[PDB]
Structure formats: structure tokens, C-alpha cells
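*Asks:* I'd like to ask you about the structure that follows.
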Amino acid sequence: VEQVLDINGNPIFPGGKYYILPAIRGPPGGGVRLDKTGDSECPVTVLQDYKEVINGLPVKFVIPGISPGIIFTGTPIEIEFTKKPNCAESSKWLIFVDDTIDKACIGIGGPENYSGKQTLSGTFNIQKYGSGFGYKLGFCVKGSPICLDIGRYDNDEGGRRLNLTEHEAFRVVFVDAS
């Protein structure tokens, strides 16, 4: 349980704007942004970009519990994009189940953006990756210690999905986006 830090070494402030990028530069790609997937008419799917040059859309981390004014590791948080499209009710990150690829993936929006599909209530978190630089995102199923690391799944959509995984987690860093 430590303060989560950005690439410059400063604390992550709740409400502050950050890009989420790969810790390892080069082949891992770029930042996280929105797009349409699977015949949706609204860009509500979180995609990680194929190219490092694209830093993507900034997020902010919100705390539902009592706040000390800084994001700690293993703390339930909500992630939300700063900008969002009109057709999305909310810019808040949530988990939806994609039956076509059999993955729980990160999207935004509301029930209306996910017609015939399951969504999973819960909270995200941030943790040290284990070895080396940087962090991993995690999702805990509502009010439960059932918690999975966020990894990536390439469904060939100009970007990779972010999904709940039992295997390799996506190794990220946070960059002040202002």
C-alpha cells in the first residue's frame, strides 16, 4: 500500500488527467482511446492503440471510498475518460462481456450501449507490476475478492481490447496529460 506515481515521480491525484501508456516503449503500442466495435453505432469500446506516437485520450481516477487526496495501490477506484462522445451516457469505464471473443472487456457508456450483453459491476484498482518499472490495472467483481488483472486482446480493430485476464497483465505507466 503505497502512493501510485506518474512517470515524473509525482503522486496520481484523483481528478487529475493522465494518459495510460505501456511501461515498455516501442512494440507494445500507444495509449488508450475509444472506438466502435462489433456493429455498435457509438464509440464505447476501450482500445489500446497500435502505435506509440498515439498517446490517446486522458483518464481521471475517482475514488468512491474516503479520500486522502492521493490514489494508493490496491484502492478501489473508478476510471473515466475526460472527453466522451454524445451517444455515450457516461465516460466511466465499465466491464462488458463479449460473447464473440469470450472476454470481459473494458467499455464506457450505459445499459443502452450494450443491448443483448452482460456487464459486470465492480471497481478497478492499480498495483505495482511485481518486477521492474510500472503498474497493472485490476478489476474486482462487486464487493468481492474476485479480482483479475487487466490484460490486452487483439481483435484486429485498429487497436487491442483491454480485458480481464488470469494470465499476462498489461504493464502500464501514467503520464500527466496537461
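Residues are named by chain letter and number: chains run A, B, ... in the order of the C-alpha cells, numbers start at 1 in each chain, and ligands are numbered from 1 in the order shown.
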Mind checking which residues fall within 8 Å of residue 28 in chain A, counting only C-alpha atoms, ignoring those fewer than 5 positions away in the same chain, and posting them as an MDAnalysis selection string?

*Replies:* chainID A and resid 22 50:52

*Asks:* Near range 128-135 of chain A, within 9 Å and counting only C-alpha atoms, which residues show up once chain neighbours fewer than 2 positions away are dropped, as a ChimeraX atom specification?

*Replies:* /A:4-7,22-24,73,126,137,169-174

*Asks:* Got time to write the residues from that selection, N, CA, C and O atoms, as an mmCIF file, in the first residue's frame?

*Replies:*
```cif
data_model
loop_
_atom_site.group_PDB
_atom_site.id
_atom_site.type_symbol
_atom_site.label_atom_id
_atom_site.label_comp_id
_atom_site.auth_asym_id
_atom_site.auth_seq_id
_atom_site.Cartn_x
_atom_site.Cartn_y
_atom_site.Cartn_z
ATOM 1 N N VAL A 4 0.352 5.728 -5.652
ATOM 2 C CA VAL A 4 0.622 5.468 -7.078
ATOM 3 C C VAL A 4 1.258 6.734 -7.673
ATOM 4 O O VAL A 4 0.812 7.849 -7.408
ATOM 5 N N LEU A 5 2.264 6.538 -8.503
ATOM 6 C CA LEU A 5 3.025 7.624 -9.077
ATOM 7 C C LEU A 5 2.995 7.650 -10.605
ATOM 8 O O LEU A 5 2.847 6.606 -11.277
ATOM 9 N N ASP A 6 3.170 8.858 -11.137
ATOM 10 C CA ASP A 6 3.293 9.036 -12.578
ATOM 11 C C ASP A 6 4.735 8.803 -13.008
ATOM 12 O O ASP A 6 5.597 8.587 -12.184
ATOM 13 N N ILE A 7 4.986 8.868 -14.306
ATOM 14 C CA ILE A 7 6.324 8.738 -14.860
ATOM 15 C C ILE A 7 7.367 9.782 -14.345
ATOM 16 O O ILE A 7 8.557 9.526 -14.344
ATOM 17 N N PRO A 22 1.970 2.101 -22.257
ATOM 18 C CA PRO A 22 2.863 0.972 -21.911
ATOM 19 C C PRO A 22 4.124 1.410 -21.212
ATOM 20 O O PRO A 22 4.694 2.423 -21.582
ATOM 21 N N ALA A 23 4.531 0.672 -20.186
ATOM 22 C CA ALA A 23 5.756 0.967 -19.472
ATOM 23 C C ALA A 23 6.910 0.807 -20.447
ATOM 24 O O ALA A 23 7.724 1.700 -20.597
ATOM 25 N N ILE A 24 6.907 -0.295 -21.178
ATOM 26 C CA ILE A 24 7.896 -0.567 -22.215
ATOM 27 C C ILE A 24 7.564 0.129 -23.528
ATOM 28 O O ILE A 24 6.560 -0.192 -24.148
ATOM 29 N N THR A 73 -2.120 2.214 -4.120
ATOM 30 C CA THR A 73 -2.218 0.875 -4.665
ATOM 31 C C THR A 73 -3.281 0.106 -3.936
ATOM 32 O O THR A 73 -3.574 0.395 -2.813
ATOM 33 N N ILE A 126 -5.199 -0.229 -8.967
ATOM 34 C CA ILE A 126 -3.845 -0.093 -9.530
ATOM 35 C C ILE A 126 -2.890 -0.775 -8.565
ATOM 36 O O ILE A 126 -3.026 -0.639 -7.367
ATOM 37 N N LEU A 137 -3.338 -2.503 -14.009
ATOM 38 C CA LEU A 137 -4.726 -2.247 -13.639
ATOM 39 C C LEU A 137 -5.391 -3.562 -13.266
ATOM 40 O O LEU A 137 -5.022 -4.617 -13.760
ATOM 41 N N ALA A 169 -0.549 -9.604 -17.546
ATOM 42 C CA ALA A 169 -1.185 -8.323 -17.330
ATOM 43 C C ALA A 169 -0.504 -7.262 -18.178
ATOM 44 O O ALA A 169 0.668 -7.389 -18.495
ATOM 45 N N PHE A 170 -1.238 -6.207 -18.496
ATOM 46 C CA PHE A 170 -0.713 -5.116 -19.283
ATOM 47 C C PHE A 170 0.091 -4.207 -18.351
ATOM 48 O O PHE A 170 -0.429 -3.712 -17.327
ATOM 49 N N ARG A 171 1.368 -4.035 -18.691
ATOM 50 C CA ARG A 171 2.321 -3.270 -17.894
ATOM 51 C C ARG A 171 2.268 -1.792 -18.326
ATOM 52 O O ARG A 171 2.733 -1.434 -19.421
ATOM 53 N N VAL A 172 1.722 -0.947 -17.450
ATOM 54 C CA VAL A 172 1.430 0.440 -17.757
ATOM 55 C C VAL A 172 2.138 1.445 -16.891
ATOM 56 O O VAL A 172 2.621 1.125 -15.780
ATOM 57 N N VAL A 173 2.207 2.665 -17.411
ATOM 58 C CA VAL A 173 2.596 3.838 -16.618
ATOM 59 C C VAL A 173 1.569 4.947 -16.871
ATOM 60 O O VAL A 173 0.761 4.863 -17.818
ATOM 61 N N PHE A 174 1.634 5.974 -16.034
ATOM 62 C CA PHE A 174 0.709 7.062 -16.039
ATOM 63 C C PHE A 174 1.471 8.364 -16.324
ATOM 64 O O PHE A 174 2.477 8.647 -15.699
#
```

*Asks:* For residue 101 in chain A, work out the shell of residues within 12 Å, counting only C-alpha atoms and skipping chain neighbours fewer than 2 positions away, then give it as a JSON list (two decimals) with N, CA, C and O atoms, in the first residue's frame.

*Replies:*
```json
[["chain", "number", "residue", "atom", "x", "y", "z"],
["A", 37, "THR", "N", -16.91, -1.05, -32.00],
["A", 37, "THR", "CA", -16.55, -2.44, -32.24],
["A", 37, "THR", "C", -17.85, -3.20, -32.36],
["A", 37, "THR", "O", -18.88, -2.75, -31.85],
["A", 38, "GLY", "N", -17.81, -4.31, -33.07],
["A", 38, "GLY", "CA", -18.97, -5.19, -33.13],
["A", 38, "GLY", "C", -20.31, -4.61, -33.52],
["A", 38, "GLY", "O", -21.32, -4.88, -32.85],
["A", 96, "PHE", "N", -17.79, -5.07, -19.84],
["A", 96, "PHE", "CA", -18.84, -5.79, -20.61],
["A", 96, "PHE", "C", -18.33, -7.12, -21.18],
["A", 96, "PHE", "O", -17.17, -7.24, -21.54],
["A", 97, "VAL", "N", -19.20, -8.11, -21.27],
["A", 97, "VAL", "CA", -18.82, -9.45, -21.75],
["A", 97, "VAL", "C", -19.09, -9.53, -23.25],
["A", 97, "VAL", "O", -20.23, -9.41, -23.69],
["A", 98, "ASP", "N", -18.03, -9.76, -24.01],
["A", 98, "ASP", "CA", -18.13, -10.03, -25.44],
["A", 98, "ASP", "C", -18.18, -11.53, -25.70],
["A", 98, "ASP", "O", -17.16, -12.25, -25.58],
["A", 99, "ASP", "N", -19.37, -11.99, -26.07],
["A", 99, "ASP", "CA", -19.60, -13.40, -26.42],
["A", 99, "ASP", "C", -18.84, -13.90, -27.66],
["A", 99, "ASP", "O", -18.54, -15.08, -27.74],
["A", 103, "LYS", "N", -14.47, -12.77, -23.80],
["A", 103, "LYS", "CA", -13.66, -11.93, -22.93],
["A", 103, "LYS", "C", -14.54, -10.85, -22.28],
["A", 103, "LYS", "O", -15.44, -10.26, -22.91],
["A", 104, "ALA", "N", -14.26, -10.60, -21.01],
["A", 104, "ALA", "CA", -14.77, -9.43, -20.34],
["A", 104, "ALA", "C", -13.83, -8.27, -20.63],
["A", 104, "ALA", "O", -12.70, -8.29, -20.19],
["A", 105, "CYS", "N", -14.31, -7.29, -21.40],
["A", 105, "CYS", "CA", -13.52, -6.17, -21.91],
["A", 105, "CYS", "C", -13.99, -4.85, -21.29],
["A", 105, "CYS", "O", -15.11, -4.75, -20.78],
["A", 153, "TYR", "N", -6.26, -7.89, -25.50],
["A", 153, "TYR", "CA", -6.63, -8.88, -26.52],
["A", 153, "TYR", "C", -6.82, -8.24, -27.90],
["A", 153, "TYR", "O", -7.74, -7.46, -28.11],
["A", 154, "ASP", "N", -5.98, -8.63, -28.84],
["A", 154, "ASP", "CA", -6.01, -8.04, -30.16],
["A", 154, "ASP", "C", -7.09, -8.65, -31.05],
["A", 154, "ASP", "O", -6.86, -9.69, -31.63],
["A", 155, "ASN", "N", -8.24, -7.99, -31.19],
["A", 155, "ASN", "CA", -9.30, -8.45, -32.08],
["A", 155, "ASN", "C", -9.27, -7.75, -33.43],
["A", 155, "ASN", "O", -10.25, -7.72, -34.13],
["A", 156, "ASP", "N", -8.13, -7.20, -33.80],
["A", 156, "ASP", "CA", -7.93, -6.57, -35.10],
["A", 156, "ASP", "C", -8.91, -5.46, -35.43],
["A", 156, "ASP", "O", -9.62, -5.54, -36.42],
["A", 161, "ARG", "N", -8.06, -4.67, -27.34],
["A", 161, "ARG", "CA", -9.01, -4.54, -26.23],
["A", 161, "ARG", "C", -8.23, -4.62, -24.94],
["A", 161, "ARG", "O", -7.11, -5.12, -24.90],
["A", 163, "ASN", "N", -8.88, -6.33, -21.29],
["A", 163, "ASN", "CA", -9.77, -7.40, -20.79],
["A", 163, "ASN", "C", -9.28, -8.01, -19.49],
["A", 163, "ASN", "O", -8.05, -8.05, -19.22]]
```

*Asks:* Extract, using only C-alpha atoms, all DNA, RNA and protein residues at most 6 Å from residue 33 in chain A, discarding same-chain residues fewer than 5 positions from it, and format them as a ChimeraX atom specification.

*Replies:* /A:46-47,56-57

*Asks:* Tell me, as a PyMOL selection string, which residues lie within 10 Å of residue 143 in chain A, counting only C-alpha atoms; anything in the same chain fewer than 6 positions away does not count.

*Replies:* chain A and resi 121-123

*Asks:* Write the residues of the selection above to a file with N, CA, C and O atoms, as a JSON list (two decimals), in the first residue's frame.

*Replies:*
```json
[["chain", "number", "residue", "atom", "x", "y", "z"],
["A", 121, "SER", "N", -20.74, -5.17, -12.64],
["A", 121, "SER", "CA", -20.45, -4.16, -11.64],
["A", 121, "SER", "C", -19.15, -4.52, -10.87],
["A", 121, "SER", "O", -18.85, -5.70, -10.54],
["A", 122, "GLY", "N", -18.38, -3.48, -10.55],
["A", 122, "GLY", "CA", -17.23, -3.62, -9.66],
["A", 122, "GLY", "C", -16.34, -2.40, -9.68],
["A", 122, "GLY", "O", -16.71, -1.37, -10.15],
["A", 123, "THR", "N", -15.14, -2.52, -9.16],
["A", 123, "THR", "CA", -14.21, -1.41, -9.08],
["A", 123, "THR", "C", -12.91, -1.81, -9.74],
["A", 123, "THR", "O", -12.57, -2.98, -9.80]]
```

*Asks:* Using backbone DSSP assignments, extract all strand (DSSP E or B) residues from range 23-92 of chain A; output them as a ChimeraX atom specification.

*Replies:* /A:32-35,45-49,56,59-62,72,77-81,92

*Asks:* Counting only C-alpha atoms, which of A:77, A:95, A:20, A:88 gets nearest to residue 125 in chain A?

*Replies:*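 Smallest distance to residue 125 in chain A is found for A:77.
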
*Asks:* Taking only C-alpha atoms into account, which of A:31, A:64, A:76, A:159 comes nearest residue 18 in chain A?

*Replies:*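 Closest to residue 18 in chain A of all the choices is A:31.
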
*Asks:* So which one's closest to residue 16 in chain A, A:176, A:94, A:55, A:42? Using only C-alpha atoms, please.

*Replies:*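 For residue 16 in chain A, the nearest of the candidates is A:176.
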